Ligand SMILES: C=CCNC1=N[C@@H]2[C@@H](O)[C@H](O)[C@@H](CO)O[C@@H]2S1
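Just one chain is shown here, as structure tokens, and it is the form solved without the named molecule.
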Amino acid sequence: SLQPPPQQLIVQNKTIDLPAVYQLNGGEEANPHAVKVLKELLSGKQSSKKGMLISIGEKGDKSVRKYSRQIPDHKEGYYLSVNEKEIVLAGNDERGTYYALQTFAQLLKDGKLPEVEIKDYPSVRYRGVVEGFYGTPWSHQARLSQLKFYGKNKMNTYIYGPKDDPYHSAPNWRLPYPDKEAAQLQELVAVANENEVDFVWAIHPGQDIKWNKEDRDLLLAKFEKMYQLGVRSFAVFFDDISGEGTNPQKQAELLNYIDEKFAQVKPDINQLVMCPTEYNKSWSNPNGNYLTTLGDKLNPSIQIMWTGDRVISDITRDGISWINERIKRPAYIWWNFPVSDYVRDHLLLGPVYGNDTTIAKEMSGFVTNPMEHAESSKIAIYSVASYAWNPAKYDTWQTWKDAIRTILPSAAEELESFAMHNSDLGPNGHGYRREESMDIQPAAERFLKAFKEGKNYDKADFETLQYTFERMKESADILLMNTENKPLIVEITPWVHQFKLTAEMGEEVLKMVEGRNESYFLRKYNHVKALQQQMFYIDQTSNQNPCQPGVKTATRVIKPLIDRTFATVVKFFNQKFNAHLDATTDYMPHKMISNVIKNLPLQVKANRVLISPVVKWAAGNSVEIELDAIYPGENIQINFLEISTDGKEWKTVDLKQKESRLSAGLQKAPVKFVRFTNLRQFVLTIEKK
């Protein structure tokens, strides 16, 4: 599967050997980055004045003069030909030549090539990745790896804008990078250039920019320092800010000044891009002219970015028509997937889909905002590269599989098994979801209805569930030990552990359903309870980020199936044997009781213990939380109060107020019980770890 698939391809059912003796024409006149690829591929073979002719060059070079009519007249276009007589690798321009060699490399298998003729070019002018997320920015080693990946997949754009880089954003955007970081950035630029990628350095100054001479000049001096490090494309982002920096006329004037005084004065600046403050339809003022002001005032060579109809959105024909009318140019898409920076407890390893495949002419560019997990994001990146190059031939499912096979050839089926059940976001404030576990969902839902009611489930369905859990454990164990992509495995490991425990829990729960005798059932029950505790421990000790800590996996179908089946089989057991087994599905070491609320589960997040968010609260009614030990208390925050260490001797804590927010410091007071007498928020913070 050539990826991206070329615009035009004609294959014969005929094969030639990569020639043992070859005559190279154009080695000194073609793109040296393409020539390097070709020479690596011909490493074994003999350069002669006789032997099979291989011609490499750009249109205008002597080497490819015979083939000038076959070369597409498109930016980054190429013509590739292999037949028994000769090989031709001819770009319309130097990057096109490089791209011809990336296609050529995929054609070559077991020292053999198909007889083929290809004419190829990208449908979208700028294709790539915006490292534009909140969280731990990609490591330098991760970035190196990404740039090589981009060249292989014909992505020509890498926009550097990690929100947590203080020399990119708040507070130190005005300052030059310190020496260590500057040398790293210089190396990234060099490697980008070697992989035919434009390194676009972005700046995000808007939260405290002053519309005065001093800050204008400081921005330009920072761009100049980045130009000294080799940067030749630049962006200015005004997303996710408030205040004076949101002014569109001033934004447009700044970008125009950058254009006039910098981008028009250097010999070799390529992209100049801005991200607006109103960067999706839902954030656009209905009766405001923010977007029309940018559209009319911004110099027409300057690109304008757009995330779609919402912050997290798929791009439609109606949506892109809507923006294009107002900005007076084709939008440069900023696609917010697989970015997980608002659902940091989930990996998003599913296919890329949802974007209209007929709107290439309506977009200037398409870049993906990835996860902070760089290797894991390659699944989606590979897919976006395929989409943006040839959207008319974009096959979501086959591209997903191809990506996985590319990224982890040694354990591709195991990675697919894992990714199939790690693709949904769970519930979130952006409303954005993806499909997950679709294949087993029918068997899961049939089984669970039959089970709940008074019905024999289908043996096949039970077996499909067993098969799934068995395969999950195989995939987890194989992935954990895989050393072909060690950085990938480091990223996903906490989720792999959680996924394996999920599968184990599933297996034990099905053994509870198979219901042979009382003492066996209880053994399975006790084992499930232990596995629940293990899953709680992973959740509290892994991926303890400040936003959405912990580790969730197989959340759409699998975990709900297991949890519902467990609750049901425990209910039946209690009914049948007059027992009182606990039917709770998530382990929770702390306890809460209430007359009101009563069945809202407690959560533990970092050093917070909280009740899960109209409630009718009678007089003298109370909520009581018992912790599992005595801890020093930090504070209590409540949004519509006593503490103790033994439950008997109490002490009152007076809440302060500002709007609906109630709060009180506890000054390290020992706390085991918290009681309120007479909910968007109920959170105790303790001293932990």
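From 1 onward, residues are counted along the sequence shown.
One more form of this protein should be noted, the form deposited with the named molecule bound, which is absent from this view; the next part is about it.
Interface residue among 504, 563, 341, 491 relative to the named molecule in the bound PDB entry, by the heavy atom within 4.5 Å criterion: 341. For the candidate set 387, 199, 104, 279, a heavy atom within 4.5 Å of the named molecule in the bound PDB entry is found for exactly one residue, namely 279. A residue is said to contact a partner when one of its heavy atoms sits within 4.5 Å of a partner heavy atom; residue 511 fails this definition for the named molecule in the bound PDB entry, lying far away. In the bound PDB entry, at least one heavy atom of residue 306 sits within 4.5 Å of a heavy atom of the named molecule. Though the partner is left out of this view, residue 194 does not reach within 4.5 Å of the named molecule in the bound PDB entry, counting heavy atoms only. By the criterion of a heavy atom within 4.5 Å, residue 239 is counted among the residues contacting the named molecule in the bound PDB entry. Of the candidate stretches 310 to 318, 460 to 468, 184 to 192, 107 to 115, only 310 to 318 contains residues with a heavy atom within 4.5 Å of the named molecule in the bound PDB entry.
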